[PDB]
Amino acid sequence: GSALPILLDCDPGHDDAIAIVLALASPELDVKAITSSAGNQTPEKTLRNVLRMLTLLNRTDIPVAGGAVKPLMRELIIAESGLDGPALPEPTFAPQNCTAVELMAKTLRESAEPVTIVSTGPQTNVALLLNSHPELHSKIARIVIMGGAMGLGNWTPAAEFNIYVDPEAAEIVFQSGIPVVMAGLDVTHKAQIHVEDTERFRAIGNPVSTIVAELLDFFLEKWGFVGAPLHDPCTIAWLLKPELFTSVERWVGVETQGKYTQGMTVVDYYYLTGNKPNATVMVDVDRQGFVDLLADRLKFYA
């Protein structure tokens, strides 16, 4: 029958690109559209990068649209192409002549079943969709994000990059009443790709496994990591094999006003507030299992 319908919103970005690769190697998922957010790079670059990845993967049938050019209430800060390392093809196809929100809305309207949204850059497009289309909330099964940290941030002391870029958009997502699943730094810093794992991917032997290895190569070349955290593919991996993860439901609030804490995801892990949980927070992963999943799925491109 039909697969699980998903909308992927992202800002490639090496790990976003690997998330695309993993999703497209997974027949359990039906990627309905890919839209670009601005974060890792400027909106022109993230859009171009989605197109190049879909060109590489011979999935020009998936509609693409460029999203918001900046955060809701803040100027854009960025992380020279945004996908440096491998030689990638020029796009062989054009994005749709609409915005990301328009393409997401069209998908939700057209759909006969609730759609899962996966957003692995700043939450700007997702927030705009939620606020502008209250009539389509019933068509959203859940929103699976890469962003936030119960613990320390990777951009400012308290904040992870994606949330920091657009804290207001993230807060809108968490306040929306739609189930939210969060792959924060607590899980992604455990999802490390060691040099031996990149070697393993390279040894798979096909052009896509090679490109994935090259993407991983370039990024790697105080945190105390053995290998590089591979953040965005944790969202897709969780959809495919949730048994690889430990996840808890807690209340999460995004700080938008603090002097020293803008963009922090405040997670009420110990039930200190009266707040009902609004998110599933990933807190652990079987790292070898995660690597095994990526390696197995890369055989799709043989």
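Numbers follow the displayed sequence, beginning with 1.
Counting the deposited residues that fall between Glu196 and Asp197 and carry no coordinates gives zero. Missing deposited residues between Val226 and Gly227: none, as the chain runs unbroken there. Look at the mean CA B-factor for 47 to 55 and for 23 to 31 in the entry; the higher one is 23 to 31. In this entry, the higher average B-factor at the C-alpha atoms falls on 204 to 212, of the pair 204 to 212 and 128 to 136. Out of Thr107, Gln123, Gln192, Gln96, the entry records its largest CA B-factor for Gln192.
Comparing the C-alpha B-factors of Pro63, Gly274, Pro233, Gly263 in the entry, the top value falls on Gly274. Sort the chain's modelled residues by C-alpha temperature factor and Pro179 lands in the middle third, per the entry.
Ranked against the other modelled residues of its chain, the C-alpha B-factor of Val285 as given in the entry falls in the highest third. Looking at the C-alpha B-factors along this chain, the one for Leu240 belongs to the middle third. Per the deposited record, the Cα B-factor of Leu76 falls in the highest third when ranked against the other modelled residues of its chain. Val291 sits in the highest third of its chain by CA B factor, as recorded in the PDB entry.
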